[PDB]
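So the chains spell out like this:
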Amino acid sequence: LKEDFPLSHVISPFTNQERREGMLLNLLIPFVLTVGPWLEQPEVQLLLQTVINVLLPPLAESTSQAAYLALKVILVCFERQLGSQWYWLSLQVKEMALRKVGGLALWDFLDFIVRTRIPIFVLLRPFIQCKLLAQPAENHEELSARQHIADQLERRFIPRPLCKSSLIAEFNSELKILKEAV
């Protein structure tokens, strides 16, 4: 029942900041993982909007990490149908780093993007090199892996995983790790 029971109903009552960390961790990630049922465009739109809302409110480290995981999984799974609007997302990811939402998981997300270099990378490659290296980089734990990303996209051979199936293994492993983290 797509028309009568859209996904919006089950996600609406738990948007309020009461326990949305747990909701996002163990109600949405498994949903997309196990159906990644051919979802229709509008429900995908609603889902993506809801997830990205947490990242960029119209704050805690754990909830931000779970938000990043939700965005990553949604992004990698729906690569066939979401890509109709890459530009749109590619703009809402600039403010992401502009205002520095999330302490350290931001760099993890960006390095993952570089590694897999899903189509969004074709738009972020210029913005992630000239205006992100030259910009002042304060010396602390944030820069521990910075050189790693810097070198990653320079010339390294890129052994992409054959299929999403290979990546889903690491996804599930880190999902479990985050589950015990809570």
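By the naming in the PDB entry, the chain is Protein unc-80 homolog, taken from Homo sapiens. As deposited in the PDB, this entry carries the title "Human NALCN-FAM155A-UNC79-UNC80 channelosome with CaM bound, conformation 1/2".

## What about the environment of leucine 123?
Position of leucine 123 among the secondary structure elements: in helix α8 (residues 121–127). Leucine 123 sits in the partly exposed class, given a relative accessible area of 34%. Residues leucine 123 and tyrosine 87, spaced 36 residues apart in sequence, show a C-alpha to C-alpha distance of 7.9 Å. With near-sequence residues (within four places) excluded, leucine 123 lies in contact with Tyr87 and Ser90.

## Brief notes about the packing of aromatic side chains
Evaluated as defined, the whole model comprises two aromatic pairs. Aromatic side chains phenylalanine 112 and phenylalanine 171 sit 5.8 Å apart centroid to centroid with 45 degrees between the ring planes, which places their arrangement in the tilted category. Of the two residues, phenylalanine 112 sits in helix α7 (residues 105–116) while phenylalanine 171 sits in helix α11 (residues 164–181), which places them 59 residues apart along the sequence. The class for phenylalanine 171 is buried, based on a relative accessible area of 6%. Against the face of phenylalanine 112 rests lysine 72, its NZ or CZ located 4.6 Å from the ring centre. Of note, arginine 117 hangs over the ring of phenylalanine 121, and the distance from its end group to the ring centre comes to 5.9 Å.

## Topic: the nonpolar core
A general trend in soluble globular proteins is that nonpolar side chains are found buried together. Formed by 54 residues in total, the largest nonpolar core has its most connected members in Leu55, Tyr68, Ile74, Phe78, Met96, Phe109 and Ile120. Contributing elements (two or more residues each) for this core: α1 (7–11), α2 (20–34), α3 (41–55), α4 (61–77), α5 (86–92), α7, α8 and α11. For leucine 55, the contacting residues outside a window of four places in its chain are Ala67, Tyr68, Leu71, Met96 and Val101.

## Some points on unusual backbone geometry
If you check the backbone angles, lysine 100 has positive phi at about 60 degrees while not being a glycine. Note that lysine 100 resides in the loop between α6 (94–98) and α7. Here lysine 100 falls in the partly exposed class, since its relative accessible area comes to 33%. Even without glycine at this site, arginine 117 takes up a positive phi of about 40 degrees.

Analysis parameters
Residues numbered from 1 in each chain as written, not as in the entry; some residues may be left out. Part of a larger assembly, values for the part shown. Heavy atoms only, no water. Helix = DSSP H or I, 4+ residues; strand = E, 2+ residues; numbered from the N terminus. Buried < 20%, exposed > 50% of the residue type's maximum accessible area, 1.4 Å probe, protein only. Contact = heavy atoms within 4.5 Å. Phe/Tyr/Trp six-rings, centres within 6.5 Å; stacked < 30°, edge-to-face > 60°. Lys NZ or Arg CZ within 6 Å of the ring centre and 35° of its normal. Core = buried A, V, L, I, M, F, W, Y, C linked by side-chain atoms within 4.5 Å.

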